[PDB]
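Engineer: The sequence isn't on hand, but the structure is:
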């Protein structure tokens, strides 16, 4: 229960504020079309996972 | 006599490397004009054409 | 059933003074990768360089 | 007048995928596509390998 | 099968090697549209200075310029009347799609 509390708390205090990070802007011809349909010009280098 | 092939290329002596244009591949190529941003361009890119 | 094609502005305007180009430049632009404004600045800075 | 916000650059989420692989069918080697497509797709294809 | 490959990306090494093996074993005709290359037309006496595995033709980055070579064998003089017969068969895989 206490777990949830400190989860909730840590959310109730996420005063983080995003600022644009390192961001590559790939030349369009170098990307496979399945990726090109997805990309909006530029992405963060830390793409993460989807 | 014995010339197998006679092509018409861009004049490399004119379109010099002072302009940044290589012509050894038979087409003009320029190193860093249309380039990805946030990474190195990579060798032998077709954009160089 | 349509046929897509370029049409030079010269083919419609009789006023020659405001016509500096042709199909050529559009055809060239077709070869270009779509360019983020930052890439456009990189290109201009390079041609300047 | 206030230090109301931290200013992180590449934010971490509250949730993540976690993956257990079956060692017998998994290949230890990192997957390699084209360099660009790996810069984007790569962290994913390696997680859901 | 006149197979057409628009985009090599994401293709497995197994699948590619199998397509090639199908070109050789089943006489598949495999167009690959995604290759951008710069041909150099060699004369027969200069041979082929620069070589290309089928593997590299299949697995090269989508944006990179390949550099193929193509012989013009118009100026190759006839064999002598008594040169030994050739049992072997010279073979070829890569061709241009356009002039």
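Structural biologist: Ah, there it is. Residues are numbered from 1 along each chain as shown, chains lettered A, B, ... in the order given.
Engineer: switch to C-alpha atoms for all contacts and neighbour counts from now on
Structural biologist: Fine.
Engineer: Okay, residue E:61 and chain C: tell me how far apart.
Structural biologist: If you measure residue E:61 against chain C using Cα to the nearest Cα, to the nearest Å, the figure is 16 Å.
Engineer: For chain C, which residues are neighbours of chain A?
Structural biologist: Counting by Cα under 8 Å from any Cα of the partner chain, chain C comes close to chain A at C:33-34, C:36.
Engineer: Equivalent analysis for chain E, please.
Structural biologist: Selection of chain E residues close to chain A by Cα under 8 Å from any Cα yields E:7, E:9, E:61-64.
Engineer: same thing but 6 Å
Structural biologist: Proximity of chain E to chain A (Cα under 6 Å from any Cα of the partner chain) is limited to residues E:9, E:62-63.
Engineer: Which ones among those residues also lie next to chain B?
Structural biologist: Okay, of these touching chain B (Cα under 6 Å from any Cα), that's residue E:63.
Engineer: Can you add distance to residue C:27 and secondary structure and give the residues of chain E next to chain A back as JSON lines?
Structural biologist: Converted to JSON lines, the residues of chain E next to chain A look like this (distance: Cα to Cα, whole Å; DSSP: H, G, I helix; E, B strand; the rest coil):
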{"residue": "E:9", "distance to residue C:27": "27", "secondary structure": "coil"}
{"residue": "E:62", "distance to residue C:27": "22", "secondary structure": "coil"}
{"residue": "E:63", "distance to residue C:27": "20", "secondary structure": "coil"}
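Engineer: Now render the residues of chain E next to chain A as a markdown table, adding neighbour count.
Structural biologist: Output for the residues of chain E next to chain A, formatted as a markdown table (neighbours: other Cα atoms under 10 Å in any protein chain shown):
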| residue | neighbour count |
| --- | --- |
| E:9 | 21 |
| E:62 | 23 |
| E:63 | 24 |
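Engineer: and which of the residues of chain E next to chain A is nearest chain C?
Structural biologist: Lowest distance from chain C to those (Cα to the nearest Cα) belongs to residue E:63, with 10.9 Å.
Engineer: How about the contacts made by the closest one?
Structural biologist: Applying Cα atoms under 6 Å, 6 or more residues apart in numbering or on different chains to residue E:63 gives the contacts A:29-30, B:45.
Engineer: Please identify which of those residues is nearest to residue B:5.
Structural biologist: residue B:45 (27.7 Å; Cα to Cα).
Engineer: Please tell me how far the closest one sits from residue E:92.
Structural biologist: In this structure, residue B:45 lies at 27 Å from residue E:92, with Cα to Cα, to the nearest Å as the measure.
Engineer: got it, and residue A:44?
Structural biologist: Residue A:44 is 45 Å from residue E:92, by Cα to Cα.
Engineer: who's more crowded, the two?
Structural biologist: residue A:44 (17 against 6; other Cα atoms under 10 Å in any protein chain shown).
Engineer: The more buried one pairs with what?
Structural biologist: Using DSSP bridges, the bridge partners assigned to residue A:44 are residue A:23.
Engineer: Make sure it is actually in contact with residue A:26.
Structural biologist: No - assessed by Cα atoms under 6 Å, residue A:44 is found out of contact with residue A:26, at 11.1 Å.
Engineer: circling back: could I get the contacts of residue E:63 in TSV, plus columns for distance to residue E:69 and secondary structure?
Structural biologist: Conversion of the contacts of residue E:63 to TSV gives the following (distance: Cα to Cα, whole Å; three-state DSSP):
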residue	distance to residue E:69	secondary structure
A:29	23	helix
A:30	23	helix
B:45	18	strand
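Engineer: for the residues of chain C next to chain A, which one is nearest chain A?
Structural biologist: Nearest member of those to chain A, counting by Cα to the nearest Cα, is residue C:33, at 5.7 Å.
Engineer: and the residue of chain A found nearest chain C, what does it touch?
Structural biologist: Closest residue of chain A to chain C, Cα to the nearest Cα: residue A:28 (5.7 Å). If you count contacts by Cα under 6 Å, 6+ apart, residue A:28 has them with residue C:33.
Engineer: all strands for chain D, in order.
Structural biologist: With strands called from DSSP state E, chain D shows none.
Engineer: circling back to that earlier point, please produce a markdown table containing the residues of chain E next to chain A, extended by distance to residue C:17.
Structural biologist: Formatted as a markdown table, the residues of chain E next to chain A follow (distance: Cα to Cα, whole Å):
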| residue | distance to residue C:17 |
| --- | --- |
| E:9 | 49 |
| E:62 | 43 |
| E:63 | 41 |
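Engineer: Identify each buried residue in the helix ranked longest in chain C, please.
Structural biologist: Longest helix of chain C, by residue count under DSSP state H: helix C:37-48. Under the neighbour-count criterion of 16 or more other Cα atoms under 10 Å in any protein chain shown, helix C:37-48 has C:39, C:42-43 buried.
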